[PDB]
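J.: this one's experimental. Sequence and coordinates below.
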Amino acid sequence: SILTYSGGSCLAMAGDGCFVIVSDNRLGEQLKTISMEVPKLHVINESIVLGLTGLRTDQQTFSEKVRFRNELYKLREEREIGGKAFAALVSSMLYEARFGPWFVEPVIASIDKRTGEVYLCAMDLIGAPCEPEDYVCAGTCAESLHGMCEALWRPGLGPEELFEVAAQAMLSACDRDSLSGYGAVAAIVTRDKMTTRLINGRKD
Amino acid sequence: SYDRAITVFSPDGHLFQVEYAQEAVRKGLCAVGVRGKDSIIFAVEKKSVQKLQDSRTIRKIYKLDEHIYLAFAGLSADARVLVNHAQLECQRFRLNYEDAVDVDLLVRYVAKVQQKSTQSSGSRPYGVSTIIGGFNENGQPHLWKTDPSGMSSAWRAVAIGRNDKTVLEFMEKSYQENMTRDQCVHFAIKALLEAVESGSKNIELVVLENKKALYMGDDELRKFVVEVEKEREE
Amino acid sequence: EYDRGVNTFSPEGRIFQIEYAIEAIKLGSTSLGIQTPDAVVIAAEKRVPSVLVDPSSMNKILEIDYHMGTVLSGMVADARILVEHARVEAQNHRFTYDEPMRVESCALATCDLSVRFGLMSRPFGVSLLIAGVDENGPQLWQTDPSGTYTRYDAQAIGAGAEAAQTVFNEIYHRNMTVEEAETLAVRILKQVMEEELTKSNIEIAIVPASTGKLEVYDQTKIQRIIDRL
Amino acid sequence: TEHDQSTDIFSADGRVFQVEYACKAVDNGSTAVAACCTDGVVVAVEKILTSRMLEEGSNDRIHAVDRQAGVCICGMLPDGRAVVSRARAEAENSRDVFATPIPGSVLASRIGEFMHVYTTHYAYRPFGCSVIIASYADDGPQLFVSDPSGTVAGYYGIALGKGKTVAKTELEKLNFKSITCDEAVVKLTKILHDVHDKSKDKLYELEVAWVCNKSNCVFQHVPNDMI
Amino acid sequence: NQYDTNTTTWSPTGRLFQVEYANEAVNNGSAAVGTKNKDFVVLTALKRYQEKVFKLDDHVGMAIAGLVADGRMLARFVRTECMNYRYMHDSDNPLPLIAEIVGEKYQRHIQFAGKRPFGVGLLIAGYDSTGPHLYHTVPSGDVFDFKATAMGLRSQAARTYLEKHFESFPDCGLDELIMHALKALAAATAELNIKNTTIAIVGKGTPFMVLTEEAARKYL
Amino acid sequence: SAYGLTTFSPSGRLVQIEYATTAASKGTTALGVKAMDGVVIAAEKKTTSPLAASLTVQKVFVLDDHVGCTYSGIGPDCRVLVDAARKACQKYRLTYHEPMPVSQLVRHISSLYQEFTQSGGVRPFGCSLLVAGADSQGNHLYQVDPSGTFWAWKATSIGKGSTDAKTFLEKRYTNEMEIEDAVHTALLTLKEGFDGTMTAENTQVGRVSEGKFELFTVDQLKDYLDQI
Amino acid sequence: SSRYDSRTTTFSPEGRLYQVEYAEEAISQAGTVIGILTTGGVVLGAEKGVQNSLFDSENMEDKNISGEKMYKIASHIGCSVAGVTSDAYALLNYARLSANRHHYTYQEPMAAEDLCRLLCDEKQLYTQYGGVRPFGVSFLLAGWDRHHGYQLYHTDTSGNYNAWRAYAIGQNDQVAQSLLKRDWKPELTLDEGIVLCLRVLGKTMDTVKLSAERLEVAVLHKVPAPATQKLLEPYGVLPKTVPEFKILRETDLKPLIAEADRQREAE
Amino acid sequence: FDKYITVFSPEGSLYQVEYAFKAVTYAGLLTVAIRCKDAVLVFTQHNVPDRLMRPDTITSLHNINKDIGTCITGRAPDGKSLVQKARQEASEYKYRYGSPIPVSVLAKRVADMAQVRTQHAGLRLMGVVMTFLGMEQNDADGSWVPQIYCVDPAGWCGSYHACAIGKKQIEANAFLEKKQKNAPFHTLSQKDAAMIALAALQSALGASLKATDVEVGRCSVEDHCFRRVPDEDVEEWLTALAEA
């Protein structure tokens, strides 16, 4: 499969006026490992983080299109885009390419700066949104991420407990996956601050 | 889409759009080219010295490729378009034929771009003349001039723009075969100051040698204008 | 000038754009061709605008193909476009049927393109003498902005036209030699030129029936003709 | 008086002068008469001959457009001819696409629409003909005129061209409830022979066609032995 | 005159002026003549070496008068129509249909602003399953079917001569018919000979053909 | 015909744009007023005869749920812009799943006006718009002119009685008007310049409030007219 | 219809494009705009129309993207315009889109001269092709790139452009160049450069006290670089400083309208 | 220079539009439409000047589709061009939305077609007033209401209770204004509205009308189709008026 060629996984969870998003650091060509220092997270503005997985040429190209449109948005509109409009926009671009797709699967995580309400979205490769309240994930160890989060996640959590949940998840899931791994990077976002952490993991 | 016929004949074989394009060249600042043994010298008049103009002035002598320069007279914006097409053309040629375009070839490309603009419905002619100089890969210099009609031709030295005819007359007497690099600069500056007022910072100057080019500085150009202002009092 | 369009007819059935284009050719250099039985000869006045011009670069004689050459008069830059279509047609012929284009076909092909205007804004202000040898011996054809083309035993075009067509209705007989045409050529150039005549100041070419190749004369060999006068 | 150079322009009175002038071509062309009868339609035109050395059938003004329909061009003949080709495309269209011979009212409508459009664009000029349409399809005998404006009107009888004011006076003495195709061929030919001006146009012949129950509803020139 | 620049302007008396001027281009070309008997058509033309007679297919050709570049266009056009026809049918493009489509091509160039009139007249001569045919086309798009006529300069005189003789042409043989066509063309004038006069023929048994200088010697 | 109809004249003026502007100024009066919590726009709709049906004449238009407009000058030209505006709003929704901000919509109208001053074979739109809406940045009133120039206003008027309407609003306008007293002021300003008696059937009124634009029905507007 | 053609792209009998010339007159009628190059950045200042009580703000979430006359094009380029306002907005979209295409392709900021050339080529295109009027705009571009440092450009209706150390377009531009010529010098701070701009506007508006509500000022300068996200981008490298385009508010023009009135009384 | 194309004069007026309005009266005909309680009626002149014309072929009334009728006033062949575009518009609308175009929306689309020629150059304006007639359903109770819309060369679209268009429209519209004051048109019977309309014509033309001189169309709550009224039903209206 083509969505698994390059490797990688991403996960985002919500808490109470916070989220965490994590990605692994591996880039590959099927089983051959090219780099161990490629995190898949992109910061859009103070409020929005983008995760992309799938084929790396299309992650690289589709994030450059997102960046381009965002810059023009900011000059026309003289403001930052909100999490929900950014996701609707992303969706529109994936579906523009409905009969010849970008092989990416995005994970968007955001927070309304005013109301402190957290918006999560994940998309299939033609832009169908899946917007639950607990978590989202994508990439080569998404099956194994589901059950980690169903058993560790709980409503209400604050930044530091949400960070442990979300790091134990990513590590235990990457460790049963041959195409994602080499530890992780996590962004933790509140209305007030954005913390980043590089987490240690296995060297296989 | 606009398709009107702009350039047409009128009752005695006159194409007025072409004539008036050549009028626009006569009002433009003076430019000069002078072919030595193994160097070409392009020299142009700049508008006028100001305190405010930027010391690093914009250049009015353009590079078309590693071994071919262009100076012009006339509508400066039209010329910038023309220089673009010519830069594209040289690179297109490397891509289609691996070797580097010959000056004489590049001149016919440009001249045909000018000619087409005299016959293409929808469009007026460029208002530009060019002087294009460069080397073969056997090291022998060439200097060409192109005019708005699209006619090209090779010269040993040439002037265009304002006071074209006066400079050209001075140069018919004084020109000499196999001038050195320094003689060529001397002779080019001299030629210019028949049209121009002073020679402080209203002259830019390229010395195009085989395997080098120089946009002369203001230290070396002052040195030559005073060697030449001293000779004009005799 | 814009009061009436590019297509308008005059009250005596001429198209204005074409009349005016023909006037343009009159203000040209002078050029001519002469047909003997052995050969066909072409020549032109150069007319440089100073002694700083390298004269090589201002040719009014161009090879279309090994067996035919042209001399142009009127707007040189427009002629470049015709002479390029003709070079391409002559080579398409050889590509498709492995033999040289006839001279008449070449004149026909160059005239088709003359009248494509309404597309181009205006006619070409150009006339061409095409000269060459095929199977019908030495030939000389002339095209003009109307798109008429026509075969001639000897013609001239340009500023000195009307004066060269009274040195023709006198000295021109059908039955002359190479020599007498090469000399009659230079006789007419001397007449209707403004300058004094020199080896650098004129161009001469021949296509002899002997070999079927255009040859362009050196300045060494043009000395020999001014001498014979 | 710049208001009369393009037909894309009203004048200040609400007139379109380019269309008036084209109508003047028609009014100075040759005279045609037609009659819609019980059993069909008859048309007759007068051809002014420019030369005694024309073959017969030269510069025919009557053309078939379909098995059952024809037109008589009055005015400039080559303009008229472009109208004939459109009329045939329409007639063909109706058989191809809708499986029906075109109705006469519909064919006239489509001809009008066509002439109308050259009355509205700066780049074209009105046609310089009127077209008589004679049909006999499932809607029965019909006679329409279209003119350079694109106006279309049905008639019992009609006359165009220079003779038209007298010819109209004689066409008024007919009786359109009784008259047959056979009687009309006689009467219309008499009217063209009387309105003919002998000082000005010395050489002429008459053209005459019909679509009747006799001809098995086929439009066709009448056999030359009936004049 | 306000009304005589474009083709798309009627004049207040219902004239098209630019079209009459294109028509002068014809009245000022070199004369040509045509005539026909029961089974042939003859074209003659007074060359003023200028191509003035073209073959359009095995069974049809034409003489021109006026702007030659227009003649050549009309020729590429008819030639391509006849070939098409013979490819589709394996027989000859009928002559009435050639005349129609030439007429219509001309007409389109007199009704739009992006088209110029054609300043060239044709005499089309051919031969098909319904006999010989001689058509005249002029720049207004008119198409006459003649038993004899003339076009171009002084061609009125040619026309006058023909007017006295054409009634006899049905009965003539191919040799007298050719002579009548020459006395006519002569009447429009230096004298005729094999270096300035063309003769072409078409008819029963006879694909369209310009007589060579040899065959023409007999008549001239 | 693909040549420009709008050109520069020797002194730098673009006269076709000034004649168009002249036509937008000869139109029936319309005005707008921005309160602290809403916006109100209003317009005369007089018919030429009582044979016309009053109820079908529209002068105020909904462009989307959150924004509306009115115009003066050439009605039929206004429909082109209303149609373009209405489409651009739906287009923005499809893309971002939220209402197009009024500032963006007004820059879209502008650039459409501006097209028709440079494009070949077209004349300029002969109408000016008032646009009134609400978005995440609050409540807005903009005016756009045939040149394609727009300005944000607290209160303004366009059309024949507009120098006087604007004078009268200078005096009565405060930064702490409530929406009901802005409607009152709107109506009161129309009343001054109005020829004849002003009814609920020859006046039309729209109102932004609670983030929603809405025309007043005839009956709602009769309520506010018996109070003044 | 061809008889009603104006012939916008047709030379006239002296090698002169009248519509290019008349469009330049239109710019001379427009509000004054001044640019000054300093050692610490570029300053752009512009006069505004007269302030009606009834105007309002757009109330935009970000205040440093557009005033009445100053526009951001990208984070290292800004500008001011004089001439037909709607014409300026069409070209400013053109420039924003070109600057961002270049970032898309090379992932690096477009050089300010490269940007300026694309702008001017667009203008030249309506002078040669297309039967329509030209754009009636002149721009001043303030730029920073690593090739050439701070740069100030002027763009004229012909599609010509030139670099400057100080310049003025609009109404009283001869009076303004006269003053800059006298008082400019190559050692200016950015705070002095701002002052000098205010004096020059004070002497062209024709008032003794500088009304802060009739002035717009913007600065293209450098500021210390933000966060270095070495975890999300391990091969990211930012310089110490980056360019910013800033549209100074009234609270920053208070100590600077004060220093221009103490230099107005002591003269 | 503004008298010949779509540019503004210096008073912001469009001259080709004003002259297109003159084309409307130039044609010499008068039309009256009137909306009563249950129906909408249209009464146009049927002039057959020529004794040889087939009078059932001269008409100003046309169907746009089963349920919408028009009356053309002005330059007749410009009329028929708009009838064809209206028919095309109606047919596209029905294929796109699957229901027949409402008469209000039809009229607005035809108005937009006119407006576009006021703003682009090179196409002449149509010198007509199109009066559209038909029944429209209300959303509330699903009742059907008669409408009259007119579109003019400027691209203006408005609805009416009654209106005269064409030669002497000024005199006929005043007569209808007077007779509006007695009782609103929407309270009248078909017969009573008819007597008003017919007498508007007789007043204005300065004549007495026969049934052959008018053609009449009608849409009603009973039958929504636009249909011509037969000559007998019009003789009974003209008889009723000669009496009272």
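T.: Great, that's in hand. Residues are numbered from 1 along each chain as shown, chains lettered A, B, ... in the order given.

J.: CA only for contacts and neighbour counts going forward, please
T.: Fine.

J.: identify the residue nearest the residue of chain E found nearest chain H in space, chain neighbours excluded?
T.: The minimum distance from chain E to chain H, using Cα to the nearest Cα, falls at residue E:113 (12.7 Å). Excluding the flanking residues, the one nearest residue E:113 by Cα to Cα, 6 or more residues apart in numbering or on different chains is residue D:123, at 5.2 Å.

J.: I'd say that neighbour and residue E:7 touch.
T.: No - proximity of residue D:123 to residue E:7 does not meet the contact threshold set by Cα atoms under 8 Å, at 9.8 Å.

J.: touching both of those two, which residues are there?
T.: Shared contacts of residue D:123 and residue E:7 (Cα atoms under 8 Å, 6 or more residues apart in numbering or on different chains): E:112-113.

J.: enumerate the residues of chain B near chain C.
T.: With the criterion set to Cα under 8 Å from any Cα of the partner chain, chain B comes near chain C through B:4-14, B:112, B:115, B:119-121, B:149-151, B:153-158, B:172.

J.: dead centre of chain H: give me the residue that sits there.
T.: residue H:131 (2.6 Å; Cα atoms, centre = their mean).

J.: regarding chain G, what is its longest helix?
T.: Using DSSP state H to define each element, chain G has its longest helix at helix G:85-106.

J.: just the C-alpha atoms of the next helix or strand after that helix, please, in CSV.
T.: Going down the chain from helix G:85-106, the next helix or strand is helix G:112-128, by DSSP states H and E. Taking C-alpha atoms only, helix G:112-128 is exported to CSV below (Å, rounded to 0.1, in the frame of the first residue of the first chain):
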residue,chain,number,x,y,z
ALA,G,112,12.0,43.1,-3.3
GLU,G,113,13.4,44.0,-6.8
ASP,G,114,12.1,40.7,-8.3
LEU,G,115,8.7,41.5,-6.8
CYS,G,116,8.8,45.0,-8.2
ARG,G,117,9.7,43.8,-11.7
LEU,G,118,6.7,41.4,-11.7
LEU,G,119,4.5,44.3,-10.7
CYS,G,120,5.8,46.6,-13.4
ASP,G,121,5.6,44.0,-16.1
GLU,G,122,1.9,43.6,-15.4
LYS,G,123,1.5,47.3,-15.9
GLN,G,124,3.5,47.4,-19.2
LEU,G,125,1.2,44.6,-20.5
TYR,G,126,-1.8,47.0,-20.6
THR,G,127,0.3,49.6,-22.4
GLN,G,128,1.1,47.3,-25.4
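
J.: what is helix G:112-128 packed up against?
T.: If contacts are counted by 3 or more Cα pairs under 8 Å, 6 or more residues apart in numbering or on different chains; DSSP states H and E, helix G:112-128 sits against helix B:76-97, helix G:85-106, strand G:137-145, strand G:149-155, strand G:161-164.

J.: now with 10 Å?
T.: helix B:76-97, helix G:18-28, strand G:77-83, helix G:85-106, strand G:137-145, strand G:149-155, strand G:161-164 (3 or more Cα pairs under 10 Å, 6 or more residues apart in numbering or on different chains; DSSP states H and E).

J.: which one of these lies closest to chain A?
T.: Using Cα to the nearest Cα, the nearest of the helices and strands packed on helix G:112-128 to chain A is helix G:85-106, at 6.4 Å.

J.: quick one: that closest one near chain B?
T.: No - on the criterion Cα under 10 Å from any Cα of the partner chain, helix G:85-106 is out of touch with chain B, staying 17.2 Å away.

J.: quick one: that helix to strand G:137-145, angle?
T.: Using axes from the mean of the first three to the mean of the last three Cα atoms, to 10 degrees, one finds that helix G:85-106 and strand G:137-145 are set 30 degrees apart in direction.

J.: which element, helix or strand, includes the residue nearest to the residue nearest to the centre of chain H when sequence neighbours are not counted?
T.: The shortest distance from residue H:131 to any non-neighbouring residue, by Cα to Cα, 6+ apart, is to residue H:150 (4.3 Å). Per DSSP H and E, residue H:150 falls inside strand H:144-151.

J.: partner strands of that strand and their direction?
T.: strand H:128-137 (antiparallel), strand H:157-159 (antiparallel) (DSSP bridges).

J.: thinking again about what came up before, more neighbours: residue D:123 and residue E:7, which one.
T.: residue E:7 (26 against 22; other Cα atoms under 10 Å in any protein chain shown).

J.: the more buried one touches residue E:139, doesn't it?
T.: No - Residue E:7 is not in contact with residue E:139 according to Cα atoms under 10 Å; the separation is 11.7 Å.

J.: need the overlap of contacts for these two.
T.: E:19, E:109-110, E:117 (Cα atoms under 10 Å, 6 or more residues apart in numbering or on different chains).

J.: of these, which ones also sit close to chain G?
T.: Okay, of these, nothing touches chain G (Cα under 10 Å from any Cα).

J.: export those residues to a markdown table and tack on neighbour count, distance to residue A:141 and secondary structure?
T.: Formatted as a markdown table, the shared contacts of residue E:7 and residue E:139 follow (neighbours: other Cα atoms under 10 Å in any protein chain shown; distance: Cα to Cα, whole Å; DSSP: H, G, I helix; E, B strand; the rest coil):
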| residue | neighbour count | distance to residue A:141 | secondary structure |
| --- | --- | --- | --- |
| E:19 | 26 | 82 | helix |
| E:109 | 19 | 73 | coil |
| E:110 | 27 | 76 | coil |
| E:117 | 28 | 77 | coil |
